[PDB]
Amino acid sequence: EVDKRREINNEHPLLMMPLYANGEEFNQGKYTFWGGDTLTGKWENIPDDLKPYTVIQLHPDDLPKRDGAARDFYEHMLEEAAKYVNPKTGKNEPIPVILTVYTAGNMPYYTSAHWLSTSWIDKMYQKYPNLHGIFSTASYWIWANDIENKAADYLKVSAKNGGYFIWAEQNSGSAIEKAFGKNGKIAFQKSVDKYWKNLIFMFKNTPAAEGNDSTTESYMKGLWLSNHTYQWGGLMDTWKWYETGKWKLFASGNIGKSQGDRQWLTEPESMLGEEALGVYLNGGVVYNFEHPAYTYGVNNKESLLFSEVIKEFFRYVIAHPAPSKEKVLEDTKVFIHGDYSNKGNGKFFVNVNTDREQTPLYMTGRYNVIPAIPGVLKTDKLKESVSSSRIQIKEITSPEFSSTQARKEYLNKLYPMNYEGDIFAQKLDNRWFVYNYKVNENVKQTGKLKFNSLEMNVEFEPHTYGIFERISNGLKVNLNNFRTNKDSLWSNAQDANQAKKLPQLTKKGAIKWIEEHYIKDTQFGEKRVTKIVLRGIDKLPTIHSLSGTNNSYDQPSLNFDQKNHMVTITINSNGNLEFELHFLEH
């Protein structure tokens, strides 16, 4: 083994920072990115505490589809990255980079990436110590003839150089199963046997109308636990709103895939944190997002979605490392072996732990994410682990998995009910993680959680998550319900028929909208109410270390009921929020 160029694990998670090449400007002789970020400017803006855990991911987007274009653009940017000087210290501090080398099956009618040879990749790895990895993304919809053969070469060239091959894919058309050899293309399967320690496999939740979120995430977790990948994670994509045909928040009717650039702006900001929790809580450590202009920012400035949700969530997973592989293994009661493509794909988990076919969220944390691997793989390395002796490994074709009812009856016997209420909640150590799982319906949810004898009841509106940690002196609270008002994008349309017919915002139009109406002059959402009730409390709790999104919260209200040893906490806010409550139990 060659020394790894960087660590990627629970203590060293990874936030990929995408920069998409502007092909139109490249034709004019300029080296720029859609949305106006610059490589140096973006890197500089990244908070210093995050720099060790973030990597610039270059993407060739609409560069000319012919030989030389992607090489030219990439070499220019690798040179900029390599030569970077920190203006504070005057020292050359090479910017870490990942190159997108494969996308859309590398078809010459789809991407300039077609003309990036494995030879050239090897050359860049050898020239640039700051090239930490290469990235393949979104070929599920165009599963090219030699995709597995090329993936094998990408993994091997990365291992040769101590870099990572990172592959983001969704299980549409059995993609994950095919990648590992379901249909007889076994080159990547064999490559993985040798080189898995240099592989990161991620979901890509874009094609949301096909409902493969839960099954793909289950595979990513299972591949990791079974040593088919070094780590895992997810690319969470606001374009899911477009794929599923949604429009104005909470509105009636479906507009189909008709208003792309309005649609990728509309997903509630806090809902990205809800999606990301599914990665974190299940031991994933790699995060990436689209659309980049909304999820990260423009013009070397952080979008509010980035500043108030993603940055804060990512800081949380650095401060509180995800459960280790050993820990997740010890917690796993059931491990599925087989092809979800043969068992309804995403439907497998509907009314088990998802509330509908088309969602990136879960309705219960009772089973967390049940890990799986495709039928083509073996569970040999899984069973060899010291930590896997108590797992029931089950074929997906087992009677226990034959129907929705059978799945719950089987799982319920192994995963006890550990909270009450129709809401998402999952517990790790002394922390309850809670969210409202409604996607596009304005419905409050309630749950009853316990820390031993201490009872905590919560009431959450949609697009609200909380993390509640029992500390020696009380409770630490992290709350995020940040959701700005996107109604202006859907102006002039009273119903779905009118919305579908709106003039296209366009890619350039949406970038402009971000600049003029999101980065500044933001239409903030209304403050909304969260209730927390604690029962089993000695005296009126005190509040400490209160902070959150500027101008986004009223002072929390505490109402202590002496006779009933309980407090009702009422919060009115729209943003991220943090505080401690100090109290003793009664």
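Residue numbers here begin at 1 and follow the sequence given.
Asks: 175 to 183 versus 74 to 82: which one carries the higher mean Cα B factor per the record?
Replies: The recorded data point to 74 to 82.
Asks: Comparing 342 to 350 with 222 to 230, which stretch shows the greater average C-alpha B-factor in the deposited entry?
Replies: Between 342 to 350 and 222 to 230, it is 342 to 350.
Asks: Highest Cα B-factor in the PDB entry belongs to which of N564, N22, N9, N576?
Replies: If I rank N564, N22, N9, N576 by C-alpha B-factor, first place goes to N564.
Asks: Determine which member of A69, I537, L58, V55 has the highest CA B-factor, using the values in the deposited entry.
Replies: Top of the list by C-alpha B-factor: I537.
Asks: For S453, does the deposited CA B-factor place it in the lowest, middle or highest third of the chain?
Replies: CA B-factor rank for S453: highest third.
Asks: Sorting the chain's CA B-factors, does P321 end up in the lowest, middle or highest third?
Replies: According to the entry, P321 has a C-alpha B-factor in the chain's middle third.
Asks: According to the PDB entry, is the CA B factor of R407 in the bottom, middle or top third of its chain, that is, lowest, middle or highest?
Replies: Within its chain, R407 is a highest-third residue by C-alpha B-factor, going by the deposited values.
Asks: Could you tell me which third, lowest, middle or highest, the C-alpha B-factor of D554 occupies within its chain?
Replies: Highest third, going by the recorded CA B-factors of the chain.
Asks: Sorting the chain's modelled residues by C-alpha B-factor, tell me whether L50 ends up in the lowest, middle or highest third.
Replies: Its C-alpha B-factor belongs to the highest third of this chain's values.
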